[PDB]
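The chain below stands alone and is given in structure tokens; this is the form deposited in one PDB entry.
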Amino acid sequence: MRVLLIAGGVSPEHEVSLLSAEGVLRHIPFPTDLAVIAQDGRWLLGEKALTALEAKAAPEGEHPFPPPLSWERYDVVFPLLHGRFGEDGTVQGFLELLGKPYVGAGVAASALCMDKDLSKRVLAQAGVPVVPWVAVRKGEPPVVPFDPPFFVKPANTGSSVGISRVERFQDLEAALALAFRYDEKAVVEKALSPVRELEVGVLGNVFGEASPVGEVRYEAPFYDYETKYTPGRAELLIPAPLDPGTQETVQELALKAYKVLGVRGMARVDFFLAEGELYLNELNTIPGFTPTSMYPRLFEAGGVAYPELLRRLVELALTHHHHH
């Protein structure tokens, strides 16, 4: 049994992916090799991948895709990549062609959960409450059916990259131009203020089990890019202070969203809490995975130790590939 861990990625969440791989490597209970996708799109292997992990960044790689790995060495691949090309289904598609088991959601579930427009379409169709939104495509003029404040995002983004809070219609065009540097499609959502941000972990194939519910607090107006990964700037409350009926409704909707979207392996489901109004914000199929990230600490509070969590993710991938 040997696992291949792929980290880094060309996405704007590259350094975030390397921080998650350091924690995974220290505690994974399987013999594990590291592959690092550098920012330039080329791969680092062996010692050079380890050296990039210490340097916490990988601007330039050595091997172009596909890299000269013996894929039959590995029984499972752990795609620990955040953002574009990582959790949007593209790497998962390659691993499917390769006939190789891998941790996390499949091609369709990965792509769906990374698209903030299409995931909201499927979720709303299933009766899952989401924020009122509209899609905007490059070139086509925006037609927002509601009034500011807005949150303008690229449709496929992570770590709040490219997201603006817009207060007036005059500031919309600049928020659209920013968002379109990262995607051909943007979403314009109605802003919730004030908002409490709740996050819950799911584990399992399609029919998952939920962790305790946690909460994120911060000083900035919203959970922006600078706040997210600057250590200490964020604040994780586990478990979140909620009425028992609210906690259950959150775990409820997360498992329903998980099942409808056909998610595999894991996902951190994130919610908004207005006053008592719950909205499902997004699903993240490759959450941050440092020993102190929300997802591991949530299941830590649920009786699943970090090494045991990693063990169960790998076996879930083996179970789906060789039996489903």
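Take the two forms, find the largest set of C-alpha atoms that superpose within 1.5 Å, and that set is the rigid core. Numbers for residues come from their place in the sequence shown, where the first is 1.
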Item to check | Outlying stretch relative to shown form, 161 to 169 versus 249 to 257 in 8 other deposited structures of this protein, C-alpha RMS (core) | outcome: 161 to 169
Next on the checklist: Core-aligned, RMS over all structures and residues: is 264 to 272 or 292 to 300 the stretch with the greater C-alpha displacement in 8 other deposited structures of this protein?
Outcome noted: 292 to 300
Item to check | Unmodelled residue 214 in at least one third of other entries with both flanks present | outcome: no
Checklist entry - Taking the other compared PDB entries with both flanking residues modelled, is residue 233 unmodelled in at least a third? => result yes
Next on the checklist: Highest mean C-alpha temperature factor of the two stretches 47 to 55 and 271 to 279, which is it?
Outcome noted: 47 to 55
Next on the checklist: Going by the mean C-alpha B-factor recorded in the entry, which is higher: 285 to 293 or 255 to 263?
Outcome noted: 285 to 293
Item to check | Top Cα B factor in the deposited entry, candidates 240, 175, 220, 155 | outcome: 220
Checklist outcome for this item: Note to self: of 169, 133, 94, 78, the C-alpha temperature factor tops out at 169
Next on the checklist: Going by the CA temperature factor in the PDB record, which third of the chain does residue 300 belong to: lowest, middle or highest?
Outcome noted: middle
Checklist outcome for this item: residue 1: C-alpha B-factor third of its chain, per the entry, is the highest
Checklist entry - Comparing residue 9 with the other modelled residues of its chain, is its CA B-factor in the lowest, middle or highest third? => result middle
Item to check | B-factor third for the C-alpha atom of residue 197 within its chain | outcome: lowest
Next on the checklist: Based on the deposited C-alpha B factors for this chain, I'd like to know if residue 128 is in the lowest, middle or highest third.
Outcome noted: middle
